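Student: Questions regarding the structure given below will be posed in turn.
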Amino acid sequence: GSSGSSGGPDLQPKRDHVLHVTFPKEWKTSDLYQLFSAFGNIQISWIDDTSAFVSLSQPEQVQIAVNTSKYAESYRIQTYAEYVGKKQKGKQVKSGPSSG
Ligand SMILES: CN1CN([C@@H]2O[C@H](COP(=O)(O)OP(=O)(O)OP(=O)(O)OC[C@H]3O[C@@H](n4cnc5c(=O)[nH]c(N)nc54)[C@H](O)[C@@H]3O)[C@@H](O)[C@H]2O)c2nc(N)[nH]c(=O)c21
C-alpha cells in the first residue's frame, strides 16, 4: 500500500476479499460478529437498516461464506462484485424504484 506499491499500473477490482450481507432490521453488529466468527477478525460497513458490507482476510473465506449462505434462512451473503452486478434492484413496480 502506502509503503510503496499498489500491485501494478492496471485498473482491476480491489474488493475481491469483501462481501455484502442482507438481514432483518432487528440484526445488530454483534449478530454480524457472531455470524462471521468462523473467519477470525473482520471489518463491517453499513449501507442500510437491512444490509451492510463485510471484509474478510482472504478471497477463499469469501468463497466459503458465499457457498455456506445457500443454507441460511434468517440472512443471506454475496460478494461485493455480485452486489455491483445487481445494482439495478427494481425493488417495486407500482410506479417504479423512483417512487418506493
Ligand atoms: C449500529 N447500527 C447502525 N445501523 C445502520 O447503519 C447506519 C450507519 O450507522 P453508523 O455506522 O453507526 O453511523 P452513524 O454514526 O452515522 O449512525 P447514526 O448517528 O445514524 O446512528 C445510528 C442509526 O442506526 C440506527 N440503528 C441502531 N441500531 C439499530 C438496529 O438494531 N436496527 C436498526 N434497524 N437500526 C438501528 C439508529 O436508530 C440510528 O438511526 C445507520 O444509519 C443504520 O441504517 C444498523 N442497522 C442495523 N440493522 N443494526 C445495527 O445495529 C445498526
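A note on labels: chains of the C-alpha cells are A, B, ... as shown, every chain counts residues from 1, and ligands are counted from 1 in their shown order.
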If we count only C-alpha atoms and set the cut-off at 12 Å, which residues sit around residue 14 of chain A, ignoring sequence neighbours fewer than 3 positions away in its own chain? Please answer as a ChimeraX atom specification.
Tutor: /A:1,6-7,10-11,17-18,55,59,80-81
Student: Grab the residues selected above and save them as a PDB file, in the first residue's frame with N, CA, C and O atoms.
Tutor:
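Once everything was written out, this is selection-v2.pdb:
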ATOM      1  N   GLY A   1       0.837  -1.219   0.000  1.00  0.00           N
ATOM      2  CA  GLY A   1       0.000   0.000   0.000  1.00  0.00           C
ATOM      3  C   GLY A   1       0.860   1.252   0.000  1.00  0.00           C
ATOM      4  O   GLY A   1       1.842   1.338  -0.741  1.00  0.00           O
ATOM      5  N   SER A   6       1.141  -0.668  -5.076  1.00  0.00           N
ATOM      6  CA  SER A   6      -0.297  -0.968  -5.200  1.00  0.00           C
ATOM      7  C   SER A   6      -0.594  -2.246  -6.008  1.00  0.00           C
ATOM      8  O   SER A   6      -1.759  -2.620  -6.172  1.00  0.00           O
ATOM      9  N   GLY A   7       0.445  -2.931  -6.506  1.00  0.00           N
ATOM     10  CA  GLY A   7       0.367  -4.202  -7.243  1.00  0.00           C
ATOM     11  C   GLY A   7       0.675  -4.080  -8.743  1.00  0.00           C
ATOM     12  O   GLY A   7       1.202  -5.023  -9.340  1.00  0.00           O
ATOM     13  N   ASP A  10      -2.305  -1.387 -13.719  1.00  0.00           N
ATOM     14  CA  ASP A  10      -3.648  -1.837 -14.112  1.00  0.00           C
ATOM     15  C   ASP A  10      -4.784  -1.321 -13.194  1.00  0.00           C
ATOM     16  O   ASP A  10      -4.545  -0.776 -12.111  1.00  0.00           O
ATOM     17  N   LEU A  11      -6.034  -1.517 -13.631  1.00  0.00           N
ATOM     18  CA  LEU A  11      -7.252  -0.933 -13.039  1.00  0.00           C
ATOM     19  C   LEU A  11      -8.292  -2.003 -12.629  1.00  0.00           C
ATOM     20  O   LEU A  11      -9.497  -1.734 -12.583  1.00  0.00           O
ATOM     21  N   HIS A  17     -11.976  -9.591  -1.708  1.00  0.00           N
ATOM     22  CA  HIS A  17     -11.977 -10.079  -0.320  1.00  0.00           C
ATOM     23  C   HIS A  17     -13.144  -9.519   0.531  1.00  0.00           C
ATOM     24  O   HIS A  17     -13.145  -9.662   1.756  1.00  0.00           O
ATOM     25  N   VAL A  18     -14.144  -8.888  -0.100  1.00  0.00           N
ATOM     26  CA  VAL A  18     -15.273  -8.206   0.563  1.00  0.00           C
ATOM     27  C   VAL A  18     -16.612  -8.819   0.135  1.00  0.00           C
ATOM     28  O   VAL A  18     -16.827  -9.189  -1.023  1.00  0.00           O
ATOM     29  N   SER A  55     -15.741  -7.193   5.374  1.00  0.00           N
ATOM     30  CA  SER A  55     -14.400  -7.517   4.866  1.00  0.00           C
ATOM     31  C   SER A  55     -13.822  -8.748   5.572  1.00  0.00           C
ATOM     32  O   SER A  55     -13.909  -8.859   6.800  1.00  0.00           O
ATOM     33  N   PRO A  59      -9.750 -14.178  -0.079  1.00  0.00           N
ATOM     34  CA  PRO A  59     -10.828 -14.485  -1.025  1.00  0.00           C
ATOM     35  C   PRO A  59     -11.333 -15.940  -0.924  1.00  0.00           C
ATOM     36  O   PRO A  59     -12.456 -16.239  -1.326  1.00  0.00           O
ATOM     37  N   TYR A  80     -18.982  -8.520  -3.026  1.00  0.00           N
ATOM     38  CA  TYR A  80     -19.096  -7.109  -3.425  1.00  0.00           C
ATOM     39  C   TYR A  80     -19.397  -6.964  -4.932  1.00  0.00           C
ATOM     40  O   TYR A  80     -20.237  -6.157  -5.333  1.00  0.00           O
ATOM     41  N   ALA A  81     -18.751  -7.782  -5.774  1.00  0.00           N
ATOM     42  CA  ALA A  81     -18.968  -7.796  -7.221  1.00  0.00           C
ATOM     43  C   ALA A  81     -20.389  -8.250  -7.614  1.00  0.00           C
ATOM     44  O   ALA A  81     -20.977  -7.688  -8.540  1.00  0.00           O
TER      45      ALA A  81
END
Student: Kindly work out which residues sit at most 6 Å from ligand 1, using only C-alpha atoms and all ligand atoms, and give the list as a ChimeraX atom specification.
Tutor: /A:25-29,46-50
Student: Name the residues in contact with residue 90 of chain A at a cut-off of 12 Å, using only C-alpha atoms, excluding same-chain residues fewer than 5 positions from it; report them as a PyMOL selection string.
Tutor: chain A and resi 95-100
Student: If you keep C-alpha atoms, can you produce a file of those selected residues as a compact mmCIF listing (two decimals), in the first residue's frame?
Tutor:
# COMPACT_ATOMS: atom_id res chain seq x y z
CA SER A 95 -44.79 3.26 -10.38
CA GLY A 96 -41.01 2.49 -10.11
CA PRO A 97 -37.93 2.49 -7.76
CA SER A 98 -38.06 6.35 -8.00
CA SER A 99 -41.39 6.14 -6.01
CA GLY A 100 -40.77 3.27 -3.46
Student: My list of candidates is A:92, A:83, A:76, A:5. Which is closest to residue 35 of chain A when distances are computed with only C-alpha atoms?
Tutor: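 Of A:92, A:83, A:76, A:5, the one nearest residue 35 of chain A, counting only C-alpha atoms, is A:76.
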Student: With only C-alpha atoms as the counted atoms, please give the residues lying no more than 8 Å from residue 41 of chain A, apart from itself and same-chain residues fewer than 2 positions off, as a list in words.
Tutor: residues 37, 39, 43, 56 and 57 of chain A
Student: Store the residues picked out above in a file with N, CA and C atoms, as a compact mmCIF listing (two decimals), in the first residue's frame.
Tutor:
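The new file result-v8.txt reads:
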# COMPACT_ATOMS: atom_id res chain seq x y z
N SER A 37 -17.63 -15.03 12.88
CA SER A 37 -16.66 -15.58 13.84
C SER A 37 -15.88 -16.80 13.30
N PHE A 39 -14.32 -16.97 10.61
CA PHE A 39 -13.26 -16.44 9.75
C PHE A 39 -12.25 -15.54 10.50
N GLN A 43 -14.01 -6.61 9.43
CA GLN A 43 -14.48 -5.22 9.45
C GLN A 43 -15.88 -5.14 8.81
N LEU A 56 -13.19 -9.64 4.81
CA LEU A 56 -12.51 -10.86 5.28
C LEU A 56 -11.04 -10.85 4.83
N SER A 57 -10.16 -11.62 5.50
CA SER A 57 -8.71 -11.54 5.27
C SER A 57 -8.20 -12.31 4.04
Student: Quick check for you: according to DSSP on this backbone, which residues of chain A are classed as helix (DSSP H, G or I)? Reply as a PyMOL selection string.
Tutor: chain A and resi 29-35+37-39+59-71+80-85+97-99
Student: Rank nothing, just name the residue among A:89, A:15, A:94, A:20 nearest to residue 75 of chain A, using only C-alpha atoms.
Tutor: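 Answer, going by the shortest atom-to-atom distance: A:20.
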Student: Would you please work out which residue, of A:9, A:16, A:3, A:85, is nearest to residue 60 of chain A when using only C-alpha atoms?
Tutor: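 Among the listed residues, A:16 lies closest to residue 60 of chain A.
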Student: Which residue is closest to residue 31 of chain A? Choose from A:82, A:44, A:66, A:71 and count only C-alpha atoms.
Tutor: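 Result for the nearest residue to residue 31 of chain A: A:44.
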